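Survey of secondary and tertiary structure
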Amino acid sequence: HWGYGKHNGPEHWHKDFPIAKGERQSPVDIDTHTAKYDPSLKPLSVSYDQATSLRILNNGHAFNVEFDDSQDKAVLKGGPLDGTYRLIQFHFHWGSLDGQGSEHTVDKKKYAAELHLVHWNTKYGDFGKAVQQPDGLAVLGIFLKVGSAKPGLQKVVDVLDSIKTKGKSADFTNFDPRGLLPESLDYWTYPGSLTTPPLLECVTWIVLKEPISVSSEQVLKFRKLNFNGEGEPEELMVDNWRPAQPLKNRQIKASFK
Ligand SMILES: OC[C@H]1O[C@@H](O)[C@H](O)[C@@H](O)[C@@H]1O
Ligand SMILES: OC[C@H]1O[C@@H](O)[C@H](O)[C@@H](O)[C@@H]1O
Ligand SMILES: OC[C@H]1O[C@H](O)[C@H](O)[C@@H](O)[C@@H]1O
Ligand SMILES: NS(=O)(=O)c1cccc(F)c1
Ligand SMILES: [Zn+2]
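Here is what the cut-offs are and how they apply
Note on numbering: residues are counted from 1 along each chain in the order of its written sequence, which can differ from the entry, and residues with no coordinates are hidden. Throughout, the order in which chains and ligands are written sets their labels, letters from A for the former and numbers from 1 for the latter. Hydrogens and waters are ignored; side-chain quantities use all the structure's heavy atoms. Residues with missing side-chain atoms are left out of burial classes, side-chain pairs and their counts. UniProt positions are given in the numbering used here, feature names are shortened, and annotations may be inferred rather than shown by experiment. Cavity and pocket criteria rest on a 1 Å grid covering protein atoms alone: a 1.4 Å probe that fits but cannot get out defines a cavity, protein on both sides within 12 Å along at least 5 of 7 lines defines an open pocket, and an atom within 4 Å of a point defines a lining residue. Elements are defined by DSSP. Helices are runs of H or I of four residues or more, strands are runs of E of two residues or more, and each kind is numbered from the N terminus. In what follows, residue pairs with any heavy atoms lying within 4.5 Å of each other are defined as contacts. Here the coordinating atoms are restricted to nitrogen, oxygen and sulfur within 2.8 Å of the metal centre, or 3.2 Å for Na, K and Ca, and because water is not among them the sites may look incomplete. The geometry test gives tetrahedral to four donors whose angles all lie between 85 and 135 degrees, gives square planar to four donors and octahedral to six donors whose opposite members are over 155 degrees apart with all other angles between 65 and 115, and gives irregular to the rest. Paired strands are those between which DSSP finds at least two bridges. Proximity is defined per residue: if any heavy atom of the residue lies within 4 Å of a molecule or strand, that residue is considered near it. Pairs of N or O atoms within 3.5 Å make up the polar contacts considered here, provided that, within protein, one atom can donate a hydrogen while the other can accept it, and that residues adjacent in sequence are counted only when both atoms are side-chain atoms. Values of accessible area rely on a 1.4 Å probe in the Shrake-Rupley scheme; residue burial ignores everything except the protein chains shown. Under the scheme applied here, ten amino acids are nonpolar (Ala, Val, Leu, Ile, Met, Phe, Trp, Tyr, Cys and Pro), four are charged (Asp, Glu, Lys and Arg), and all others, including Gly, are polar. Residue burial is assigned from relative accessible area. The probe radius is 1.4 Å, only protein chains are included, and a residue is buried under 20% of its type maximum, exposed over 50%, and partly exposed in between. We score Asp and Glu as negative and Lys and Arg as positive, and we do not count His or the chain ends. Every case where a carboxyl oxygen of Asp or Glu lies within 4 Å of a side-chain nitrogen of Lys or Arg is listed as a salt bridge.

- Deposited coordinates in this entry are attributed by the record to X-ray crystallography, at a stated resolution of 0.950 Å.

- The PDB entry lists the chain under the name Carbonic anhydrase 2, with Homo sapiens as the source organism.
- For this structure, the PDB header gives the title as "Human Carbonic Anhydrase II in complex with fluorinated benzenesulfonamide".
- The UniProt entry for the chain carries the following text under Subunit (literature references left out): "Interacts with SLC4A4. Interaction with SLC4A7 regulates SLC4A7 transporter activity. Interacts with SLC26A6 isoform 4 (via C-terminus cytoplasmic domain)."

Digging into the UniProt feature "binding site: substrate" in the chain
- The sites that carry the UniProt feature "binding site: substrate" are, in the present numbering, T195 and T196. Lining the largest pocket, from the set of annotated residues above, are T195 and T196.
- With respect to the helices and strands, the residue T195 is situated in the loop between β12 (187-192) and β13 (203-208).
- Apart from residues lying up to four places away in sequence, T195 is in contact with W13, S26, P27, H93, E103, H116, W205 and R242.

Concerning the coordination of the zinc ion (ligand 5)
- Note on the zinc ion (ligand 5): its protein donors are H91 (NE2), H93 (NE2) and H116 (ND1). The metal-donor distances range over 2.0 Å.
- Bound by four donor atoms, the zinc ion (ligand 5) shows angles of 99 to 116° at the metal and therefore tetrahedral coordination geometry.
- We note that the donor set of the zinc ion (ligand 5) lies within a single chain, spaced as H-x1-H-x22-H. With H93 in strand β7 (residues 85-94) and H116 in strand β9 (residues 113-121), the pair connects residues that are 23 residues apart, well separated along the chain.

A word on the pairing of strand β10 (residues 137-146)
- Bridging between β9 and β10 involves eight bridges; their strand directions are antiparallel. Within the sheet, the bridge partner assigned to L115 lies in β10 and is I142.
- Where β10 and β13 come together, five bridges link them in parallel fashion. Across the sheet, residue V139 finds its bridge partner in β13, namely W205.
- Where β10 and strand β14 (residues 212-214) come together, three bridges link them in parallel fashion. By the bridge assignment for β14, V146 is matched with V214.

Some details on the site of ligand 3
- Taken together, the neighbourhood of ligand 3 is formed by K155, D171, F172, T173, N174 and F175.
- Contacts to ligand 3 include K155, whose side-chain N or O atom sits 2.9 Å from an oxygen atom.
- One of the backbone N or O atoms of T173 is found 2.7 Å from an oxygen atom in ligand 3.
- Across the complex, the protein chains shield 59% of the 310 Å² of accessible surface that ligand 3 would expose by itself.
- Considering only residue class, the shell around ligand 3 consists of two nonpolar, two polar and two charged.

Quick word on the side chain of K150
- Inspection of the secondary structure puts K150 in the loop between β10 and α2 (154-159).
- Summary of buried charges: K150 has no salt-bridge partner, and the nearest side chain of opposite charge, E210, is 6.6 Å away.
- In contact with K150, other than residues within four places in its own chain, are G179, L180, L181, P182, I212, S213, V214, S215 and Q218.

Shown next, in the form of structure tokens:
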């Protein structure tokens, strides 16, 4: 099964998911000097005040915080997006050390981790139909650097001991994802893909320029999770990131002059 190890990691994925070598794969390096300000991008609207979180799950690759997406609540609109995209889950990618962990890079810089808030285009009715469409998904990506603690992350940190191994879940109601955002919504955007199998080319990426700061202790607790299930040999859940992929025939646009 796919994973991040030497024998099943990103360099192997193409054998079962040939789109891994496709024309709009993610992540990419964001060259900040070649990214061009796009005056046509509409204002971005992150509207999370009515979000309904439900559960946190260790899926053997990362942990997902899942949201009720049965009606318009937490939604992402504007920017490059045509229509309304509903929040379904967020998760992170992170490293074994603070010097790596992000999927996107900024002028080749790797951050300690990267948060992905995943949304699907409501015109397609359900996530499964959305991932059959070129404009089915929008992922809001946020870099994490290590410094001061992020208060809005601590509830996540503090529940991880209850979902240590693959297949474990816990109730995670009444969590406010607004506490994970930076101050500024300046962003870069480009068309890409899921960064894990099945690597589907359905995503409008919106990557915020301003990182959030998290404490060393917060990210260290991410690294205590396990890729394996209960009773199996312990494999620490670290380095669950895909490296940057070829930009090919794409341009990265900036929301800011
Ligand atoms: O409890 C987390 C969040 O859930 C939302 O549904 C509420 O409207 C917010 O006020 C609250 O902060
Ligand atoms: O032909 C000129 C156009 O080239 C495109 O590649 C750029 O995205 C546009 O910003 C530019 O106006
Ligand atoms: O908001 C997410 C979670 O935070 C804390 O773990 C609370 O104890 C729990 O009740 C809540 O579900
Ligand atoms: N890492 S990611 O591209 O955000 C992603 C991968 C797979 C499924 C999904 F909903 C989101
Ligand atoms: Zn992701």
